[PDB]
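Only one chain is shown below, in structure tokens, and it's the form deposited in one PDB entry.
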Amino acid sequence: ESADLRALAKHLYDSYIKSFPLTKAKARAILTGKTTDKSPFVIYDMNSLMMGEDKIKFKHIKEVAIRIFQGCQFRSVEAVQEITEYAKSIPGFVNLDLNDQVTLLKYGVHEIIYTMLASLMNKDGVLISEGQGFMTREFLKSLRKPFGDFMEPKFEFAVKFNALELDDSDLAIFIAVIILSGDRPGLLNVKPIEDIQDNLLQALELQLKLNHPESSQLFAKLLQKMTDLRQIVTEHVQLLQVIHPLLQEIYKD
């Protein structure tokens, strides 16, 4: 069957490219400065932040630590819609019961946000506003009582995750696997979900063998990173359990 697996891999990669404007390949070029096109504007302290809001557009703009957290919310809501559009390209996804489609996205978007956030991170900071900015890890830590410990665990995961050296080709299938997980609560029909994931795990396995022939247990290592993601999502919602009515409706989650 090792050809419709490579076809499912090529399909997914193509959607991923259409759905996510800033790809890892692209994000990598900006972060390593390997492409010396334009440097991102760097936010490394309070004065550069304030200058950054003058230069960079920012669609979400009172208080600084709050303002940064809300910007992250805006972007997260944006990510949710990119992921939802991608989920629809996954073969068989749209044929699932509508409630299950909603359930799979509801519990899955967070894990995928972190996965793709790792694509925009290094040990020193995170690319923001479509790669136009770069917010340092040290500037984020230097934030208030609850807010300075909000991005750190993402950076810690990213450093780990990024050491697998996956590319967009690999990430495209990996994200599809996350979405099609039949253990989400309240699913009504788990069978066709487990079926599609079985098919996606099979394509992810062959992809990793062909694309990373020298790292034998990369598949396993990647699967055990999925459990890492569930952990980070848990302690994050628990952090959102400390932190205008219409806006609080847009950001219900």
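From 1 onward, residues are counted along the sequence shown. Under this definition, the rigid core comprises the largest set of C-alpha atoms superposing within 1.5 Å between the forms.
Not pictured, yet referred to below: the form solved in complex with a partner chain.
- Screening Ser169, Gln101, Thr136, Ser129 for any heavy atom within 4.5 Å of the partner chain in the entry with it bound leaves a single hit, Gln101.
- With a 4.5 Å cutoff on heavy atoms, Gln81 counts as touching the partner chain in the entry with it bound.
- Proximity of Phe93 to the partner chain in the entry with it bound: non-hydrogen atoms within 4.5 Å are present.
- Residue contact check for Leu140: none of its heavy atoms lie within 4.5 Å of the partner chain in the entry with it bound.
- Interface residue remark: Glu152 is not counted as part of the site for the partner chain in the entry with it bound, having no heavy atom within 4.5 Å.
- After superposition on the rigid core, the Cα atom of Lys55 is displaced by 2 Å or more between this form and the one not shown.
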